[PDB]
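**Q** Got a file for you: input-v4.txt, compact mmCIF, C-alpha atoms.
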```
# COMPACT_ATOMS: atom_id res chain seq x y z
CA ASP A 1 52.60 36.74 -28.40
CA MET A 2 50.19 35.51 -31.10
CA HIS A 3 46.77 36.90 -31.93
CA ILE A 4 43.56 35.14 -32.95
CA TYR A 5 41.33 36.19 -35.87
CA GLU A 6 37.97 34.48 -36.22
CA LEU A 7 35.65 34.48 -39.25
CA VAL A 8 32.06 33.40 -38.71
CA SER A 9 29.40 32.24 -41.19
CA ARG A 10 26.15 32.52 -39.26
CA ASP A 11 23.48 29.88 -39.86
CA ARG A 12 20.64 28.17 -38.00
CA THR A 13 22.06 24.63 -37.99
CA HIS A 14 25.32 24.78 -39.97
CA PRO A 15 27.47 27.71 -38.75
CA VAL A 16 31.09 27.96 -39.87
CA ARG A 17 33.84 29.10 -37.52
CA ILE A 18 37.35 29.71 -38.83
CA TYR A 19 40.10 30.57 -36.38
CA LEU A 20 43.24 32.16 -37.82
CA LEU A 21 46.46 32.95 -35.97
CA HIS A 22 48.98 35.70 -36.60
CA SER A 23 52.16 36.71 -34.78
CA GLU A 24 51.20 40.38 -35.13
CA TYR A 25 48.28 42.48 -33.95
CA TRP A 26 45.98 43.82 -36.64
CA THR A 27 43.62 46.64 -35.66
CA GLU A 28 39.91 45.98 -36.32
CA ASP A 29 39.96 48.34 -39.32
CA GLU A 30 43.03 46.63 -40.78
CA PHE A 31 41.22 43.31 -40.27
CA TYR A 32 38.13 44.48 -42.21
CA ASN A 33 40.40 45.90 -44.94
CA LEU A 34 42.00 42.46 -45.33
CA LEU A 35 38.60 41.05 -46.35
CA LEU A 36 38.21 43.75 -49.01
CA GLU A 37 41.60 42.62 -50.35
CA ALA A 38 40.46 39.00 -50.51
CA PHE A 39 37.34 40.13 -52.38
CA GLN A 40 39.40 40.75 -55.51
CA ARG A 41 40.65 37.28 -56.40
CA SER A 42 37.71 35.23 -55.08
CA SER A 43 34.43 34.16 -56.68
CA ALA A 44 31.12 35.90 -56.02
CA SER A 45 29.69 33.13 -53.82
CA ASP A 46 27.45 33.57 -50.76
CA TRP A 47 29.22 33.99 -47.42
CA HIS A 48 28.91 30.33 -46.33
CA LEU A 49 31.22 29.58 -49.27
CA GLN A 50 33.05 32.90 -49.58
CA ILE A 51 34.32 32.63 -45.99
CA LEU A 52 36.39 29.65 -47.11
CA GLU A 53 37.98 31.79 -49.82
CA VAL A 54 38.81 34.76 -47.58
CA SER A 55 40.45 32.35 -45.12
CA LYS A 56 42.57 30.86 -47.94
CA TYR A 57 43.76 34.33 -48.93
CA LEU A 58 44.73 35.52 -45.45
CA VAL A 59 46.75 32.32 -45.06
CA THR A 60 48.57 32.55 -48.42
CA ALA A 61 48.95 36.32 -48.75
CA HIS A 62 49.51 37.57 -45.21
CA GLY A 63 50.95 34.74 -43.12
CA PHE A 64 47.90 33.74 -41.07
CA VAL A 65 47.89 30.10 -39.98
CA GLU A 66 44.56 28.33 -39.56
CA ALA A 67 43.92 26.75 -36.16
CA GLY A 68 42.09 23.45 -35.84
CA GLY A 69 39.39 24.90 -33.61
CA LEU A 70 38.59 26.26 -30.17
CA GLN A 71 37.44 24.67 -26.95
CA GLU A 72 36.15 26.63 -24.02
CA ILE A 73 35.82 26.09 -20.28
CA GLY A 74 34.05 28.69 -18.16
CA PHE A 75 32.85 29.26 -14.58
CA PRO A 76 31.45 32.17 -12.60
CA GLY A 77 34.37 34.16 -11.15
CA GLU A 78 32.65 34.00 -7.78
CA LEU A 79 32.63 30.16 -7.82
CA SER A 80 34.67 28.53 -5.02
CA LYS A 81 37.43 26.09 -5.96
CA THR A 82 35.37 23.34 -4.31
CA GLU A 83 32.29 23.96 -6.46
CA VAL A 84 34.47 24.20 -9.58
CA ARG A 85 36.00 20.85 -8.71
CA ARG A 86 32.45 19.58 -8.06
CA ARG A 87 31.29 20.64 -11.52
CA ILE A 88 34.37 19.17 -13.18
CA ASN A 89 33.98 15.79 -11.46
CA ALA A 90 30.31 15.63 -12.45
CA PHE A 91 31.34 16.33 -16.05
CA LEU A 92 34.20 13.80 -16.14
CA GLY A 93 32.40 10.86 -14.58
CA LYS A 94 34.81 7.92 -14.79
CA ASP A 95 37.21 9.72 -17.13
CA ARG A 96 38.94 11.02 -13.98
CA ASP B 1 48.32 22.14 -36.77
CA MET B 2 47.39 24.25 -33.73
CA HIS B 3 44.51 24.33 -31.24
CA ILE B 4 42.84 26.94 -29.06
CA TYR B 5 41.90 26.48 -25.39
CA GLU B 6 39.95 29.30 -23.80
CA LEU B 7 39.34 29.73 -20.07
CA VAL B 8 36.57 32.04 -19.10
CA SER B 9 35.79 33.72 -15.80
CA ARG B 10 32.29 35.19 -15.90
CA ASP B 11 31.51 38.40 -14.02
CA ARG B 12 29.00 41.25 -13.85
CA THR B 13 31.62 43.87 -14.72
CA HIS B 14 35.08 42.34 -15.23
CA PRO B 15 34.73 39.14 -17.27
CA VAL B 16 38.08 37.56 -18.12
CA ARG B 17 38.89 35.49 -21.18
CA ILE B 18 42.24 33.75 -21.50
CA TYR B 19 43.22 32.12 -24.81
CA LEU B 20 45.80 29.36 -24.81
CA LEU B 21 47.37 27.73 -27.85
CA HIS B 22 48.73 24.24 -28.04
CA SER B 23 50.31 22.22 -30.84
CA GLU B 24 48.42 19.14 -29.71
CA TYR B 25 44.74 18.38 -29.52
CA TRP B 26 43.21 17.66 -26.12
CA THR B 27 39.64 16.44 -25.71
CA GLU B 28 37.33 18.44 -23.42
CA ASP B 29 37.71 15.73 -20.74
CA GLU B 30 41.49 15.93 -20.93
CA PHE B 31 41.27 19.74 -20.73
CA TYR B 32 39.11 19.39 -17.59
CA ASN B 33 41.60 16.92 -16.12
CA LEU B 34 44.29 19.52 -16.72
CA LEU B 35 42.38 21.85 -14.39
CA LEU B 36 42.25 19.17 -11.66
CA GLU B 37 45.96 18.66 -12.21
CA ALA B 38 46.56 22.38 -11.65
CA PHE B 39 44.23 22.36 -8.61
CA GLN B 40 46.71 20.04 -6.84
CA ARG B 41 49.28 22.85 -6.96
CA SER B 42 47.12 25.95 -6.75
CA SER B 43 45.78 28.08 -3.92
CA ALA B 44 42.27 27.74 -2.47
CA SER B 45 41.14 30.92 -4.27
CA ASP B 46 37.77 31.54 -5.94
CA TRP B 47 37.61 31.12 -9.70
CA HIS B 48 38.43 34.74 -10.67
CA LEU B 49 41.91 34.19 -9.16
CA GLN B 50 42.09 30.46 -9.79
CA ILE B 51 41.77 30.99 -13.54
CA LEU B 52 45.07 32.91 -13.55
CA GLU B 53 46.79 30.14 -11.59
CA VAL B 54 45.42 27.47 -13.91
CA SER B 55 46.64 29.42 -16.97
CA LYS B 56 50.17 29.79 -15.56
CA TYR B 57 50.21 26.10 -14.72
CA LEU B 58 49.12 25.00 -18.17
CA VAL B 59 51.79 27.26 -19.69
CA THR B 60 54.76 26.27 -17.54
CA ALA B 61 53.98 22.57 -17.09
CA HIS B 62 52.22 21.59 -20.30
CA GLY B 63 53.64 23.71 -23.09
CA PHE B 64 50.53 25.81 -23.60
CA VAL B 65 51.19 29.30 -24.92
CA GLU B 66 49.11 32.35 -24.06
CA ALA B 67 47.59 34.28 -26.96
CA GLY B 68 47.08 38.03 -26.77
CA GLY B 69 43.39 37.84 -27.56
CA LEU B 70 40.74 37.30 -30.20
CA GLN B 71 39.08 39.44 -32.83
CA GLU B 72 36.09 38.32 -34.85
CA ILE B 73 34.03 39.21 -37.94
CA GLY B 74 30.79 37.49 -38.83
CA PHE B 75 28.07 37.68 -41.46
CA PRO B 76 24.97 35.65 -42.28
CA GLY B 77 25.96 32.60 -44.32
CA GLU B 78 23.28 33.46 -46.86
CA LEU B 79 24.58 37.00 -47.37
CA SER B 80 25.73 37.91 -50.87
CA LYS B 81 29.30 39.00 -51.51
CA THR B 82 27.81 42.37 -52.53
CA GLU B 83 26.12 43.10 -49.21
CA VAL B 84 29.16 41.84 -47.28
CA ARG B 85 31.24 44.47 -49.07
CA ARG B 86 28.64 47.11 -48.13
CA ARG B 87 28.67 46.20 -44.44
CA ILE B 88 32.43 46.24 -44.36
CA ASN B 89 32.36 49.71 -45.88
CA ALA B 90 29.56 50.86 -43.60
CA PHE B 91 31.73 49.84 -40.66
CA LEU B 92 34.91 51.43 -42.05
CA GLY B 93 33.11 54.43 -43.57
```
Would it be possible to restate this file's structure as structure tokens?

**A**
Amino acid sequence: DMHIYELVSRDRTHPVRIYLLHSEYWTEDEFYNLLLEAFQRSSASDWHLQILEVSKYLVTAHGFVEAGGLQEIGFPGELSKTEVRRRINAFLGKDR
Amino acid sequence: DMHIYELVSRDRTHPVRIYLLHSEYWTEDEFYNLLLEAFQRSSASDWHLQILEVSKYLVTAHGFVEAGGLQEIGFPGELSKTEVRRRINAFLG
């Protein structure tokens, strides 16, 4: 039962999202503490670059594996199966 | 490599997020088609129940694996390594 750890570099037009996987659960505090650890062997760059370094350290030092990305599909819970199917068909066009 | 597929059921009080992992990459369209595929087998329920049926179908029929959840930390891209450290500490204490 794997767990997902995301690191975000916030930006107006060029945000960075890194999704890491681990087989174990890390509490939020443990998670933050991991970044402090990374902060010791990495350069003093700004976050948009530092995020890359922290990711590299979690992977090498603690067994996180980087995922290729995340795709999402959402609907209101109240939405009938017919309207869901409606919305999906409209989205798919001829790729059905 | 490994890819994440998240199904969301939006609600006023009990939103539900389900995170699925797969070894293989599926386009959004293919992911949508997977839902239609599951719809062939599933009940006539509203989405808040349907989502659970779709998840189970993706898992048992398509080799998707459910993840336990998702945790996230974010900072402004422009933020210095110095201030990042300070926020982390502020949060921890």

**Q** Take atom CA of residue 95 of chain A and atom CA of residue 15 of chain A and report the distance between them in Å, one decimal.

**A**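 So the answer is 29.8 Å.
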
**Q** Residues of chain A near chain B: apply a cut-off of 6 Å, count all atoms listed in the file, and supply the list as an MDAnalysis selection string.

**A** chainID A and resid 1:11 44 46:48 67:81

**Q** Using atom CA of residue 31 of chain A and atom CA of residue 16 of chain A as the two end points, give the distance in Å to one decimal.

**A** 18.4 Å

**Q** Work out how far apart atom CA of residue 58 of chain A and atom CA of residue 34 of chain A are and give it in Å to one decimal.

**A**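 Separating atom CA of residue 58 of chain A from atom CA of residue 34 of chain A is a distance of 7.5 Å.
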
**Q** At a cut-off of 10 Å, using all atoms listed in the file, what residues contact residue 42 of chain A? Leave out same-chain residues fewer than 3 positions from it and give the result as an MDAnalysis selection string.

**A** (chainID A and resid 37:39 45 50 52:54 56:57) or (chainID B and resid 81)

**Q** Go ahead and save the residues from that selection, with C-alpha atoms, as a PDB file, in the coordinates of the input.

**A**
```pdb
ATOM      1  CA  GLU A  37      41.600  42.620 -50.350  1.00  0.00           C
ATOM      2  CA  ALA A  38      40.460  39.000 -50.510  1.00  0.00           C
ATOM      3  CA  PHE A  39      37.340  40.130 -52.380  1.00  0.00           C
ATOM      4  CA  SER A  45      29.690  33.130 -53.820  1.00  0.00           C
ATOM      5  CA  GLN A  50      33.050  32.900 -49.580  1.00  0.00           C
ATOM      6  CA  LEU A  52      36.390  29.650 -47.110  1.00  0.00           C
ATOM      7  CA  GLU A  53      37.980  31.790 -49.820  1.00  0.00           C
ATOM      8  CA  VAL A  54      38.810  34.760 -47.580  1.00  0.00           C
ATOM      9  CA  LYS A  56      42.570  30.860 -47.940  1.00  0.00           C
ATOM     10  CA  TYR A  57      43.760  34.330 -48.930  1.00  0.00           C
TER      11      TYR A  57
ATOM     12  CA  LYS B  81      29.300  39.000 -51.510  1.00  0.00           C
TER      13      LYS B  81
END
```
